[PDB]
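Engineer: The following file, protein_35.cif, comprises mmCIF, N, CA and C atoms and all ligand atoms:
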data_my_file
#
loop_
_atom_site.label_atom_id
_atom_site.label_comp_id
_atom_site.auth_asym_id
_atom_site.auth_seq_id
_atom_site.Cartn_x
_atom_site.Cartn_y
_atom_site.Cartn_z
N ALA A 1 70.05 150.13 -127.49
CA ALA A 1 68.80 149.31 -127.33
C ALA A 1 69.16 147.83 -127.15
N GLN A 2 68.30 147.10 -126.46
CA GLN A 2 68.52 145.67 -126.21
C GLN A 2 69.83 145.55 -125.42
N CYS A 3 70.69 144.64 -125.84
CA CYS A 3 71.97 144.43 -125.19
C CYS A 3 73.07 144.80 -126.19
N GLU A 4 72.94 145.97 -126.78
CA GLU A 4 73.90 146.42 -127.75
C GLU A 4 73.88 147.92 -127.83
N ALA A 5 75.00 148.47 -128.28
CA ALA A 5 75.13 149.91 -128.42
C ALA A 5 75.93 150.18 -129.68
N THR A 6 75.75 151.36 -130.23
CA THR A 6 76.46 151.77 -131.43
C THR A 6 77.26 153.03 -131.15
N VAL A 7 78.52 153.03 -131.55
CA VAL A 7 79.39 154.17 -131.35
C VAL A 7 79.85 154.59 -132.74
N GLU A 8 79.72 155.87 -133.04
CA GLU A 8 80.17 156.36 -134.33
C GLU A 8 81.48 157.09 -134.11
N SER A 9 82.44 156.87 -135.00
CA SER A 9 83.75 157.51 -134.93
C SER A 9 83.90 158.37 -136.18
N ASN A 10 84.55 159.52 -136.07
CA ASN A 10 84.68 160.37 -137.25
C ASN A 10 86.12 160.79 -137.63
N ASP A 11 86.24 161.70 -138.60
CA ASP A 11 87.53 162.19 -139.07
C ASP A 11 88.21 163.21 -138.16
N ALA A 12 87.58 163.53 -137.04
CA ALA A 12 88.14 164.49 -136.09
C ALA A 12 88.63 163.81 -134.80
N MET A 13 88.72 162.49 -134.83
CA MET A 13 89.19 161.69 -133.71
C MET A 13 88.30 161.75 -132.47
N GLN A 14 87.03 161.48 -132.68
CA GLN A 14 86.15 161.50 -131.54
C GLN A 14 85.05 160.48 -131.71
N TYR A 15 84.62 159.94 -130.58
CA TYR A 15 83.54 158.97 -130.50
C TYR A 15 82.34 159.87 -130.28
N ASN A 16 81.16 159.41 -130.66
CA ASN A 16 79.97 160.23 -130.45
C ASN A 16 79.34 159.91 -129.11
N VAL A 17 79.75 158.79 -128.50
CA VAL A 17 79.22 158.37 -127.21
C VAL A 17 80.38 158.31 -126.22
N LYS A 18 80.18 158.84 -125.02
CA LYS A 18 81.22 158.82 -124.00
C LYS A 18 80.95 157.82 -122.86
N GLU A 19 79.72 157.35 -122.76
CA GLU A 19 79.34 156.39 -121.72
C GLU A 19 78.42 155.30 -122.27
N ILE A 20 78.71 154.05 -121.90
CA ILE A 20 77.92 152.89 -122.31
C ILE A 20 77.55 152.14 -121.04
N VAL A 21 76.26 151.88 -120.86
CA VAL A 21 75.77 151.16 -119.69
C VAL A 21 75.22 149.81 -120.11
N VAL A 22 75.78 148.75 -119.53
CA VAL A 22 75.37 147.38 -119.82
C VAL A 22 74.31 146.96 -118.81
N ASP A 23 73.13 146.59 -119.32
CA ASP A 23 72.02 146.17 -118.48
C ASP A 23 72.29 144.81 -117.84
N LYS A 24 72.04 144.73 -116.55
CA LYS A 24 72.25 143.51 -115.79
C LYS A 24 71.44 142.33 -116.34
N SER A 25 70.47 142.60 -117.20
CA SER A 25 69.66 141.52 -117.77
C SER A 25 70.37 140.82 -118.93
N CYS A 26 71.45 141.42 -119.39
CA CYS A 26 72.22 140.89 -120.51
C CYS A 26 73.23 139.84 -120.11
N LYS A 27 73.31 138.77 -120.88
CA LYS A 27 74.31 137.73 -120.63
C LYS A 27 75.42 137.94 -121.66
N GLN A 28 75.06 138.53 -122.79
CA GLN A 28 75.97 138.81 -123.89
C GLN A 28 75.75 140.29 -124.23
N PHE A 29 76.75 140.96 -124.77
CA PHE A 29 76.59 142.37 -125.13
C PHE A 29 77.33 142.60 -126.43
N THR A 30 76.77 143.46 -127.28
CA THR A 30 77.38 143.76 -128.57
C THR A 30 77.66 145.23 -128.78
N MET A 31 78.87 145.52 -129.26
CA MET A 31 79.28 146.88 -129.56
C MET A 31 79.42 147.02 -131.07
N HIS A 32 78.74 148.01 -131.62
CA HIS A 32 78.80 148.25 -133.05
C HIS A 32 79.57 149.53 -133.25
N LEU A 33 80.55 149.49 -134.15
CA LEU A 33 81.38 150.65 -134.46
C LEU A 33 81.17 151.09 -135.92
N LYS A 34 80.87 152.37 -136.12
CA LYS A 34 80.67 152.91 -137.46
C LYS A 34 81.71 154.00 -137.67
N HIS A 35 82.39 153.98 -138.81
CA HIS A 35 83.33 155.04 -139.09
C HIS A 35 82.54 155.89 -140.08
N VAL A 36 82.00 157.01 -139.62
CA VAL A 36 81.19 157.91 -140.45
C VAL A 36 81.95 158.95 -141.26
N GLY A 37 83.25 159.06 -141.04
CA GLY A 37 84.04 160.01 -141.79
C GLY A 37 84.36 159.49 -143.18
N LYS A 38 85.31 160.14 -143.85
CA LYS A 38 85.70 159.75 -145.20
C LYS A 38 87.20 159.51 -145.39
N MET A 39 87.96 159.47 -144.30
CA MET A 39 89.40 159.21 -144.40
C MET A 39 89.73 157.72 -144.39
N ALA A 40 90.83 157.37 -145.06
CA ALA A 40 91.30 155.99 -145.20
C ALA A 40 91.80 155.46 -143.88
N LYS A 41 91.74 154.15 -143.69
CA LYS A 41 92.17 153.56 -142.43
C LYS A 41 93.67 153.75 -142.14
N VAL A 42 94.49 153.96 -143.17
CA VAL A 42 95.92 154.17 -142.94
C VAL A 42 96.22 155.56 -142.40
N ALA A 43 95.25 156.47 -142.51
CA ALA A 43 95.43 157.84 -142.02
C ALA A 43 94.54 158.14 -140.81
N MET A 44 93.34 157.58 -140.80
CA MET A 44 92.38 157.84 -139.73
C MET A 44 91.60 156.59 -139.30
N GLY A 45 92.28 155.46 -139.21
CA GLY A 45 91.61 154.23 -138.82
C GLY A 45 91.11 154.25 -137.38
N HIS A 46 90.02 153.55 -137.11
CA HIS A 46 89.49 153.52 -135.76
C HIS A 46 89.06 152.11 -135.40
N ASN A 47 89.20 151.78 -134.12
CA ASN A 47 88.71 150.50 -133.64
C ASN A 47 88.09 150.79 -132.30
N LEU A 48 87.67 149.75 -131.61
CA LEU A 48 87.07 149.90 -130.30
C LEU A 48 87.69 148.74 -129.54
N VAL A 49 88.37 149.07 -128.44
CA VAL A 49 89.04 148.10 -127.57
C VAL A 49 88.50 148.33 -126.16
N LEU A 50 88.16 147.25 -125.47
CA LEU A 50 87.61 147.32 -124.12
C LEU A 50 88.50 146.63 -123.11
N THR A 51 88.91 147.36 -122.08
CA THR A 51 89.78 146.84 -121.03
C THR A 51 89.41 147.54 -119.72
N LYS A 52 90.02 147.15 -118.61
CA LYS A 52 89.76 147.86 -117.36
C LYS A 52 90.44 149.21 -117.60
N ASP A 53 89.94 150.24 -116.93
CA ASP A 53 90.49 151.59 -117.05
C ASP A 53 92.00 151.58 -116.79
N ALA A 54 92.42 150.82 -115.78
CA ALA A 54 93.82 150.73 -115.40
C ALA A 54 94.73 150.19 -116.51
N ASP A 55 94.18 149.36 -117.40
CA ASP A 55 94.99 148.78 -118.47
C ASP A 55 95.03 149.57 -119.78
N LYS A 56 94.30 150.68 -119.83
CA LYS A 56 94.21 151.51 -121.02
C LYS A 56 95.52 151.79 -121.78
N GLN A 57 96.41 152.57 -121.18
CA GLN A 57 97.67 152.92 -121.83
C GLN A 57 98.61 151.76 -122.13
N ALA A 58 98.69 150.81 -121.22
CA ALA A 58 99.53 149.64 -121.40
C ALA A 58 99.08 148.91 -122.66
N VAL A 59 97.76 148.70 -122.79
CA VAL A 59 97.20 148.00 -123.94
C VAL A 59 97.34 148.80 -125.22
N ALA A 60 97.14 150.11 -125.15
CA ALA A 60 97.27 150.97 -126.33
C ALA A 60 98.71 151.00 -126.82
N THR A 61 99.65 151.03 -125.88
CA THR A 61 101.08 151.06 -126.18
C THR A 61 101.59 149.78 -126.85
N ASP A 62 101.17 148.63 -126.34
CA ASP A 62 101.53 147.34 -126.91
C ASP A 62 100.81 147.16 -128.24
N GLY A 63 99.58 147.65 -128.31
CA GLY A 63 98.78 147.58 -129.52
C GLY A 63 99.41 148.32 -130.69
N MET A 64 99.96 149.51 -130.44
CA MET A 64 100.60 150.26 -131.50
C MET A 64 101.71 149.42 -132.16
N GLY A 65 102.43 148.64 -131.36
CA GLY A 65 103.50 147.81 -131.88
C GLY A 65 103.06 146.51 -132.54
N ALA A 66 101.76 146.25 -132.55
CA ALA A 66 101.21 145.05 -133.17
C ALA A 66 101.09 145.25 -134.69
N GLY A 67 100.82 146.48 -135.11
CA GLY A 67 100.69 146.78 -136.52
C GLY A 67 99.25 146.85 -136.96
N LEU A 68 99.03 147.40 -138.15
CA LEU A 68 97.69 147.57 -138.72
C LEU A 68 97.05 146.22 -139.03
N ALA A 69 97.83 145.30 -139.58
CA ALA A 69 97.33 143.97 -139.94
C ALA A 69 96.79 143.24 -138.73
N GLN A 70 97.25 143.64 -137.54
CA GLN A 70 96.80 143.05 -136.28
C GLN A 70 95.75 143.93 -135.62
N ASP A 71 95.24 144.92 -136.35
CA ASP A 71 94.24 145.85 -135.83
C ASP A 71 94.75 146.62 -134.61
N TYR A 72 96.06 146.81 -134.53
CA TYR A 72 96.70 147.53 -133.43
C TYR A 72 96.35 147.01 -132.03
N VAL A 73 96.15 145.70 -131.94
CA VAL A 73 95.87 145.03 -130.68
C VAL A 73 96.81 143.85 -130.65
N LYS A 74 97.65 143.78 -129.63
CA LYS A 74 98.59 142.68 -129.48
C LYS A 74 97.80 141.38 -129.45
N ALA A 75 98.14 140.48 -130.37
CA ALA A 75 97.49 139.18 -130.49
C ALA A 75 97.44 138.47 -129.15
N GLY A 76 96.24 138.03 -128.79
CA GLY A 76 96.04 137.32 -127.54
C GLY A 76 96.34 138.13 -126.29
N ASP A 77 96.06 139.43 -126.34
CA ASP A 77 96.31 140.26 -125.17
C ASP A 77 95.25 139.85 -124.12
N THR A 78 95.70 139.38 -122.95
CA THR A 78 94.79 138.95 -121.87
C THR A 78 94.10 140.10 -121.14
N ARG A 79 94.55 141.32 -121.40
CA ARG A 79 93.95 142.51 -120.80
C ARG A 79 92.81 143.10 -121.65
N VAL A 80 92.63 142.63 -122.89
CA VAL A 80 91.57 143.14 -123.76
C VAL A 80 90.37 142.22 -123.70
N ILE A 81 89.26 142.76 -123.22
CA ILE A 81 88.02 142.00 -123.07
C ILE A 81 87.37 141.80 -124.43
N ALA A 82 87.41 142.83 -125.26
CA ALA A 82 86.80 142.77 -126.58
C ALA A 82 87.38 143.86 -127.45
N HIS A 83 87.41 143.63 -128.75
CA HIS A 83 87.89 144.67 -129.65
C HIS A 83 87.44 144.40 -131.07
N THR A 84 87.21 145.46 -131.82
CA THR A 84 86.82 145.35 -133.21
C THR A 84 88.10 145.42 -134.03
N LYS A 85 87.96 145.31 -135.34
CA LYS A 85 89.12 145.43 -136.20
C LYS A 85 89.22 146.94 -136.48
N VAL A 86 90.30 147.38 -137.11
CA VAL A 86 90.48 148.80 -137.47
C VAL A 86 89.72 149.05 -138.79
N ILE A 87 88.82 150.03 -138.79
CA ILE A 87 88.03 150.36 -139.97
C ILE A 87 88.31 151.77 -140.50
N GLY A 88 88.07 151.95 -141.80
CA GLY A 88 88.27 153.24 -142.42
C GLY A 88 86.90 153.81 -142.66
N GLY A 89 86.83 155.01 -143.23
CA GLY A 89 85.54 155.64 -143.49
C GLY A 89 84.61 154.82 -144.37
N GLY A 90 83.31 154.95 -144.12
CA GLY A 90 82.33 154.23 -144.90
C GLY A 90 82.12 152.79 -144.46
N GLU A 91 82.87 152.34 -143.45
CA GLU A 91 82.79 150.97 -142.93
C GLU A 91 82.27 150.84 -141.49
N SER A 92 82.20 149.60 -141.02
CA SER A 92 81.72 149.33 -139.67
C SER A 92 82.09 147.92 -139.22
N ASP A 93 81.98 147.66 -137.93
CA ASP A 93 82.31 146.36 -137.37
C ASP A 93 81.58 146.18 -136.04
N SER A 94 81.48 144.95 -135.57
CA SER A 94 80.79 144.66 -134.32
C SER A 94 81.56 143.65 -133.51
N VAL A 95 81.42 143.71 -132.20
CA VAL A 95 82.07 142.74 -131.32
C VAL A 95 81.09 142.40 -130.19
N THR A 96 80.97 141.11 -129.92
CA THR A 96 80.08 140.61 -128.89
C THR A 96 80.91 139.99 -127.79
N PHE A 97 80.61 140.32 -126.54
CA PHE A 97 81.35 139.73 -125.43
C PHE A 97 80.46 139.21 -124.30
N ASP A 98 81.03 138.32 -123.49
CA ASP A 98 80.35 137.73 -122.36
C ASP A 98 80.30 138.76 -121.25
N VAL A 99 79.10 139.05 -120.77
CA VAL A 99 78.92 140.03 -119.71
C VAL A 99 79.54 139.57 -118.39
N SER A 100 79.74 138.27 -118.21
CA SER A 100 80.35 137.81 -116.97
C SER A 100 81.80 138.29 -116.82
N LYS A 101 82.38 138.73 -117.93
CA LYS A 101 83.75 139.23 -117.94
C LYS A 101 83.79 140.66 -117.40
N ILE A 102 82.62 141.15 -117.02
CA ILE A 102 82.45 142.51 -116.53
C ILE A 102 81.97 142.37 -115.09
N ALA A 103 82.40 143.28 -114.22
CA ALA A 103 82.00 143.23 -112.81
C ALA A 103 81.39 144.56 -112.41
N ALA A 104 80.38 144.48 -111.55
CA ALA A 104 79.69 145.66 -111.06
C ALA A 104 80.64 146.53 -110.24
N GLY A 105 80.47 147.85 -110.33
CA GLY A 105 81.32 148.75 -109.58
C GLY A 105 82.69 148.97 -110.20
N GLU A 106 83.11 148.05 -111.06
CA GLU A 106 84.39 148.15 -111.74
C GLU A 106 84.32 149.17 -112.87
N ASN A 107 85.47 149.76 -113.19
CA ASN A 107 85.54 150.75 -114.26
C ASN A 107 86.22 150.21 -115.48
N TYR A 108 85.55 150.33 -116.62
CA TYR A 108 86.08 149.86 -117.88
C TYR A 108 86.18 151.00 -118.89
N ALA A 109 87.21 150.95 -119.72
CA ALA A 109 87.43 151.97 -120.72
C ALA A 109 87.40 151.37 -122.11
N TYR A 110 86.73 152.06 -123.03
CA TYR A 110 86.74 151.64 -124.42
C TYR A 110 87.50 152.79 -125.10
N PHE A 111 88.44 152.45 -125.98
CA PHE A 111 89.28 153.45 -126.62
C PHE A 111 89.77 152.92 -127.94
N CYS A 112 90.28 153.82 -128.78
CA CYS A 112 90.81 153.46 -130.08
C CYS A 112 92.31 153.28 -129.96
N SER A 113 92.82 152.11 -130.33
CA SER A 113 94.26 151.84 -130.25
C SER A 113 95.10 152.16 -131.49
N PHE A 114 94.47 152.76 -132.50
CA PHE A 114 95.20 153.17 -133.70
C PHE A 114 96.17 154.22 -133.14
N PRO A 115 97.46 154.15 -133.51
CA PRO A 115 98.49 155.08 -133.04
C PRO A 115 98.08 156.51 -132.75
N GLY A 116 98.34 156.94 -131.52
CA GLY A 116 98.01 158.28 -131.09
C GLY A 116 96.55 158.60 -130.82
N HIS A 117 95.61 157.73 -131.19
CA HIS A 117 94.19 158.03 -130.98
C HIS A 117 93.63 157.88 -129.58
N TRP A 118 94.28 157.06 -128.75
CA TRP A 118 93.80 156.79 -127.39
C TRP A 118 93.62 157.98 -126.46
N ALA A 119 94.44 159.00 -126.63
CA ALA A 119 94.38 160.19 -125.79
C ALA A 119 93.16 161.04 -126.03
N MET A 120 92.48 160.82 -127.15
CA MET A 120 91.29 161.60 -127.49
C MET A 120 90.04 160.78 -127.69
N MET A 121 90.20 159.49 -127.97
CA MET A 121 89.06 158.64 -128.22
C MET A 121 88.91 157.60 -127.15
N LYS A 122 88.11 157.91 -126.13
CA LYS A 122 87.89 156.99 -125.03
C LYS A 122 86.55 157.27 -124.38
N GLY A 123 85.98 156.24 -123.77
CA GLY A 123 84.69 156.34 -123.09
C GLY A 123 84.64 155.34 -121.94
N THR A 124 83.59 155.40 -121.13
CA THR A 124 83.44 154.50 -119.98
C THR A 124 82.31 153.51 -120.18
N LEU A 125 82.55 152.26 -119.81
CA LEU A 125 81.53 151.24 -119.90
C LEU A 125 81.40 150.65 -118.50
N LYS A 126 80.17 150.39 -118.07
CA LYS A 126 79.94 149.80 -116.77
C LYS A 126 78.63 149.04 -116.76
N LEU A 127 78.52 148.09 -115.84
CA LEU A 127 77.34 147.26 -115.64
C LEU A 127 76.45 148.07 -114.70
N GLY A 128 75.20 148.29 -115.07
CA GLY A 128 74.32 149.06 -114.21
C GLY A 128 72.90 149.04 -114.72
N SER A 129 71.93 148.82 -113.83
CA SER A 129 70.52 148.76 -114.23
C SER A 129 69.53 149.25 -113.16
CU CU A 201 91.00 155.92 -134.08
#
I'd like the structure from this file rewritten - as structure tokens, please.
Ligand SMILES: [Cu+2]
Structural biologist:
Amino acid sequence: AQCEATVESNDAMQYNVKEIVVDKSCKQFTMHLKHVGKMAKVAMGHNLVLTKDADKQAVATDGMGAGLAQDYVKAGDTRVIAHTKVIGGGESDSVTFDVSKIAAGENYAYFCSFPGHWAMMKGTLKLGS
């Protein structure tokens, strides 16, 4: 609703939403992440990272080497448009980004960069109205 969406992540390594559509009327957009499971962040942590589809694996790979304290996102990664921190069960986080950083027709991927999670936790985001 509005210029925001909510994605729930669980203990089975899956997002509940696979597609997010950003309305052209939005200048800013907010992504809310809820970890609805009950596992600790050191075992089942989840975040939400947004990049072009092409940068997915490169960003996830560098992110794994950043560490948990860095939310598994390489500090100042120029390929990451937006990202939340890594959360454990019972928690949540939000990230707001400038819609101008998004282009029509372009393909964007949101995925979890916690080690090994990217291959199963990913979705598509695009500008469309
Ligand atoms: Cu995850």
Engineer: Looking at only N, CA and C atoms and all ligand atoms, which of A:1, A:39, A:47, A:60 is the one that sits closest to ligand CU 201 (chain A)?
Structural biologist: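 Closest candidate: A:47.
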Engineer: Quick one: everything within 7 Å of residue 52 in chain A, counting all atoms listed in the file, minus sequence neighbours fewer than 5 positions away in the same chain. Send it as a list in words.
Structural biologist: residues 79, 80, 81, 107, 108 and 109 of chain A
Engineer: Using DSSP secondary structure from the backbone, list all alpha helix (DSSP H) positions within chain A, as a list in words.
Structural biologist: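 Filtering chain A to alpha helix (DSSP H) leaves residues 41, 42, 43, 44, 56, 57, 58, 59, 60, 61, 62, 63 and 64 of chain A.
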Engineer: Can you work out which one of A:122, A:35, A:117, A:27 has the shortest atom-to-atom distance to ligand CU 201 (chain A), counting all atoms listed in the file?
Structural biologist: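 Using all atoms listed in the file, ligand CU 201 (chain A) sits closest to A:117.
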Engineer: Compute the distance from (71.6, 143.2, -126.9) to each atom, counting all atoms listed in the file, keep the residues with any atom at most 6 Å away, and return them as a list in words; use the coordinates of the file.
Structural biologist: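 Taken together, the residues in range are residues 1, 2, 3, 4, 28, 29 and 30 of chain A.
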Engineer: Generate a file of the selected residues that holds N, CA and C atoms, formatted as a PDB file, keeping the file's coordinate frame.
Structural biologist:
ATOM      1  N   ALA A   1      70.050 150.130-127.490  1.00  0.00           N
ATOM      2  CA  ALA A   1      68.800 149.310-127.330  1.00  0.00           C
ATOM      3  C   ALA A   1      69.160 147.830-127.150  1.00  0.00           C
ATOM      4  N   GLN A   2      68.300 147.100-126.460  1.00  0.00           N
ATOM      5  CA  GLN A   2      68.520 145.670-126.210  1.00  0.00           C
ATOM      6  C   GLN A   2      69.830 145.550-125.420  1.00  0.00           C
ATOM      7  N   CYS A   3      70.690 144.640-125.840  1.00  0.00           N
ATOM      8  CA  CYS A   3      71.970 144.430-125.190  1.00  0.00           C
ATOM      9  C   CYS A   3      73.070 144.800-126.190  1.00  0.00           C
ATOM     10  N   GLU A   4      72.940 145.970-126.780  1.00  0.00           N
ATOM     11  CA  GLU A   4      73.900 146.420-127.750  1.00  0.00           C
ATOM     12  C   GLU A   4      73.880 147.920-127.830  1.00  0.00           C
ATOM     13  N   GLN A  28      75.060 138.530-122.790  1.00  0.00           N
ATOM     14  CA  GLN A  28      75.970 138.810-123.890  1.00  0.00           C
ATOM     15  C   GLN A  28      75.750 140.290-124.230  1.00  0.00           C
ATOM     16  N   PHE A  29      76.750 140.960-124.770  1.00  0.00           N
ATOM     17  CA  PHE A  29      76.590 142.370-125.130  1.00  0.00           C
ATOM     18  C   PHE A  29      77.330 142.600-126.430  1.00  0.00           C
ATOM     19  N   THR A  30      76.770 143.460-127.280  1.00  0.00           N
ATOM     20  CA  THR A  30      77.380 143.760-128.570  1.00  0.00           C
ATOM     21  C   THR A  30      77.660 145.230-128.780  1.00  0.00           C
TER      22      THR A  30
END
Engineer: Measuring between only N, CA and C atoms and all ligand atoms, which one of A:18, A:41, A:32, A:46 shows the shortest distance to ligand CU 201 (chain A)?
Structural biologist: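 Nearest candidate to ligand CU 201 (chain A) out of A:18, A:41, A:32, A:46: A:46.
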Engineer: For ligand CU 201 (chain A), which residue among A:21, A:102, A:127, A:44 is the nearest when counting only C-alpha atoms and all ligand atoms?
Structural biologist: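 Among the listed residues, A:44 lies closest to ligand CU 201 (chain A).
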Engineer: Give the padded box for range 30-33 of chain A as JSON: axis-aligned, covering all atoms listed in the file, 3 Å on each side, centre and edge lengths in Å to one decimal.
Structural biologist:
{"center_x": 79.1, "center_y": 147.3, "center_z": -131.6, "size_x": 10.6, "size_y": 13.6, "size_z": 14.6}
Engineer: Provide the atom N of residue 93 in chain A to atom C of residue 121 in chain A distance in Å, to one decimal place.
Structural biologist: 16.2 Å
Engineer: Enumerate as a ChimeraX atom specification the residues within 8 Å of ligand CU 201 (chain A), counting all atoms listed in the file.
Structural biologist: /A:9-10,13-14,43-48,86-87,111-118,121
Engineer: Using only N, CA and C atoms, which of the listed residues (A:53, A:8, A:71, A:77) sits closest to residue 34 in chain A?
Structural biologist: A:8
Engineer: Would you kindly return, as a list in words, each protein, DNA or RNA residue with an atom no farther than 6.5 Å from any atom of residue 73 in chain A, considering all atoms listed in the file and excluding same-chain residues fewer than 4 positions away?
Structural biologist: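 The neighbour list is residues 62, 63, 64, 66, 67 and 77 of chain A.
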